[PDB]
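Everything on this sheet refers to the single structure shown next.
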Amino acid sequence: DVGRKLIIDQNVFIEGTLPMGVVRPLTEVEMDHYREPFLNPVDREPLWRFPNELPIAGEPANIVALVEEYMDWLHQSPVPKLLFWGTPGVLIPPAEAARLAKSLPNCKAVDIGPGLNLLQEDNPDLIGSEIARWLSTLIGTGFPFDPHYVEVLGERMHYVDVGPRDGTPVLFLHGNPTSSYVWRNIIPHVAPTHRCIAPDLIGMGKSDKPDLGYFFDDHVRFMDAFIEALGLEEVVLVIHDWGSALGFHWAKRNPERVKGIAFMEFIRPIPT
């Protein structure tokens with residue numbers, strides 16, 4: 001497979017596909033932070049498995065059914081929702097995003113303007129502040145955060161933990177091919193009032209990277225165990241890309257524990 005050779009050996013997903021998910025040009029110091037987890041090609045299996053797990057034309061059936069179920073849940077749920085989107089987008093066209101805010105119950109839409117997939121890198125000030133104005137009702141290239149580590153299923157996962165200890169914590173779930181680094185400029189707009197937790201997915205960021213196939217079920221197992229390892233009860237979700245698949249799948253299974261979902265460029269079944 002030549003496609004797999006480019007993603008694994010030539011790192012095309014990091015050096016090519018990821019810059020095509022941001023409208024503005026990144027800097028070499030920002031790209032160094034996205035490169036650092038995947039310096040060794042043997043650590044790049046998540047970069048290849050994630051797009052091969054996308055729900056496209058009814059395959060893979062296990063993902064398509066899972067995503068259909070939480071999309072069905074989201075349309076039935078009264079949980080407050082906040083939907084960011086940009087033009088032209090990547091996973092969500094601007095027309096389908098605005099139509100989704102109509103159909104979803106209790107959903108506020110936010111036009112961010114210019115955006116592809118990494119809307120956090122194009123306009124982190126609108127996203128972080130509109131989240132803060134939303135939680136009330138209920139640029140930096142470094143990573144200035146203390147590394148917290150918790151043992152999960154025999155492996156060790158890294159996460160960001162800032163903000164007050166009381167109240168409802170806010171769980172930030174990144175996607176492919178990022179890490180908690182993608183929330184570095186959103187978190188400061190929320191940390192002064194609400195606890196902010198931003199884990200790195202297993203095999204990504206600073207978390208441990210075992211010899212796994214890194215299917216979606218692998219992330220589900222590790223993210224379920226992460227949330228119980230931290231002792232989180234009720235949470236607010238801020239989810240993006242494949243993190244939205246984890247966030248929505250966990251919210252569908254534990255709807256009484258979710259107080260609000262802010263999402264953008266999320267996972268949905270694609271007919272063609």
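Just so we're on the same page: first chain in the structure tokens is A, next is B, and so on; residues restart at 1 for each chain, and ligands are numbered from 1 in the order they show up.
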Those in range 44-256 of chain A with strand (DSSP E or B) from DSSP, as a PyMOL selection string: chain A and resi 56+59+81-88+107-115+148-152+155-162+170-173+196-199+235-240
Per-residue nearest contacts of range 169-199 of chain A to range 12-19 of chain A (9 Å; only C-alpha atoms) as JSON lines:
{"residue": "A:176", "atom": "CA", "partner": "A:18", "partner_atom": "CA", "distance": 8.7}
{"residue": "A:177", "atom": "CA", "partner": "A:18", "partner_atom": "CA", "distance": 7.1}
{"residue": "A:178", "atom": "CA", "partner": "A:18", "partner_atom": "CA", "distance": 8.6}
Keeping N, CA and C atoms for every residue in the selection just given, could you write it to a file as a PDB file, in the first residue's frame?
ATOM      1  N   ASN A 176      -7.418  13.629  15.316  1.00  0.00           N
ATOM      2  CA  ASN A 176      -6.272  13.269  14.502  1.00  0.00           C
ATOM      3  C   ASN A 176      -5.844  14.436  13.617  1.00  0.00           C
ATOM      4  N   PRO A 177      -4.538  14.760  13.524  1.00  0.00           N
ATOM      5  CA  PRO A 177      -3.406  14.110  14.192  1.00  0.00           C
ATOM      6  C   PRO A 177      -2.778  14.976  15.281  1.00  0.00           C
ATOM      7  N   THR A 178      -3.604  15.546  16.146  1.00  0.00           N
ATOM      8  CA  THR A 178      -3.166  16.548  17.103  1.00  0.00           C
ATOM      9  C   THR A 178      -2.927  15.927  18.487  1.00  0.00           C
TER      10      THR A 178
END
Contact residues around residue 44 in chain A with only C-alpha atoms at 9 Å, ignoring same-chain residues under 6 positions, as JSON, numbers by chain: {"A": [7, 8, 9, 11, 37, 38, 203, 204]}
Go through range 127-173 of chain A residue by residue and, counting only C-alpha atoms, keep those with an atom at most 12 Å from range 91-109 of chain A; for each kept residue give the shortest atom pair and its distance in Å to one decimal, ordered by chain and increasing number, as a Markdown table.
| residue | atom | partner | partner_atom | distance |
| --- | --- | --- | --- | --- |
| A:127 | CA | A:109 | CA | 11.2 |
| A:130 | CA | A:109 | CA | 10.2 |
| A:131 | CA | A:108 | CA | 10.6 |
| A:133 | CA | A:108 | CA | 11.6 |
| A:134 | CA | A:108 | CA | 9.1 |
Find, counting only C-alpha atoms, the residue in A:120, A:138, A:145, A:184 that gets nearest to residue 22 in chain A. A:120
Nearest to residue 263 in chain A among A:159, A:143, A:84, A:214, with distances taken over only C-alpha atoms: which residue is it?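 Using only C-alpha atoms, the shortest distance to residue 263 in chain A belongs to A:84.
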Within 9 Å of residue 194 in chain A, counting only C-alpha atoms, which residues qualify if same-chain residues fewer than 4 places away don't, as a list in words?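 Counting only the stated atoms, we get residues 135, 162, 163, 164, 165, 166, 167, 168, 169, 170 and 190 of chain A.
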Counting only C-alpha atoms, which of A:155, A:161, A:256, A:111 gets nearest to residue 221 in chain A? A:155
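The shortest atom-to-atom distance to residue 33 in chain A, with only C-alpha atoms taken into account, belongs to A:180 out of A:78, A:180, A:88, A:58.
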Give me the residues near range 63-69 of chain A as a PDB file with C-alpha atoms, in the first residue's frame, where near means some atom within 9 Å (using only C-alpha atoms) and where sequence neighbours in that chain fewer than 2 positions away do not count.
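Generated file (around13.pdb):
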ATOM      1  CA  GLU A  53     -11.930   4.118  10.503  1.00  0.00           C
ATOM      2  CA  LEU A  54     -14.021   7.001   9.129  1.00  0.00           C
ATOM      3  CA  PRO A  55     -17.675   6.064   8.462  1.00  0.00           C
ATOM      4  CA  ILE A  56     -17.857   6.141   4.663  1.00  0.00           C
ATOM      5  CA  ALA A  57     -20.503   4.390   2.550  1.00  0.00           C
ATOM      6  CA  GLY A  58     -21.571   2.093   5.371  1.00  0.00           C
ATOM      7  CA  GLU A  59     -18.046   0.842   6.154  1.00  0.00           C
ATOM      8  CA  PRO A  60     -16.752   0.043   8.681  1.00  0.00           C
ATOM      9  CA  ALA A  61     -20.160  -1.249   9.811  1.00  0.00           C
ATOM     10  CA  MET A  71     -26.208  11.085  16.120  1.00  0.00           C
ATOM     11  CA  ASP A  72     -29.670   9.652  16.793  1.00  0.00           C
ATOM     12  CA  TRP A  73     -29.114  10.371  20.485  1.00  0.00           C
ATOM     13  CA  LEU A  74     -27.907  13.927  19.840  1.00  0.00           C
ATOM     14  CA  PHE A 216     -11.644   3.338  17.484  1.00  0.00           C
ATOM     15  CA  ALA A 245     -16.564  10.589  18.115  1.00  0.00           C
ATOM     16  CA  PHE A 248     -20.479  11.752  21.509  1.00  0.00           C
ATOM     17  CA  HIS A 249     -20.131   7.984  22.001  1.00  0.00           C
ATOM     18  CA  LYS A 252     -24.711   8.637  24.379  1.00  0.00           C
ATOM     19  CA  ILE A 267     -17.538  12.659  12.893  1.00  0.00           C
ATOM     20  CA  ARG A 268     -20.643  11.691  10.908  1.00  0.00           C
ATOM     21  CA  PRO A 269     -21.487   8.964   8.380  1.00  0.00           C
ATOM     22  CA  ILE A 270     -20.616   9.862   4.789  1.00  0.00           C
TER      23      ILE A 270
END
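Coordinates place CA of residue 175 in chain A at a distance of 20.7 Å from CA of residue 28 in chain A.
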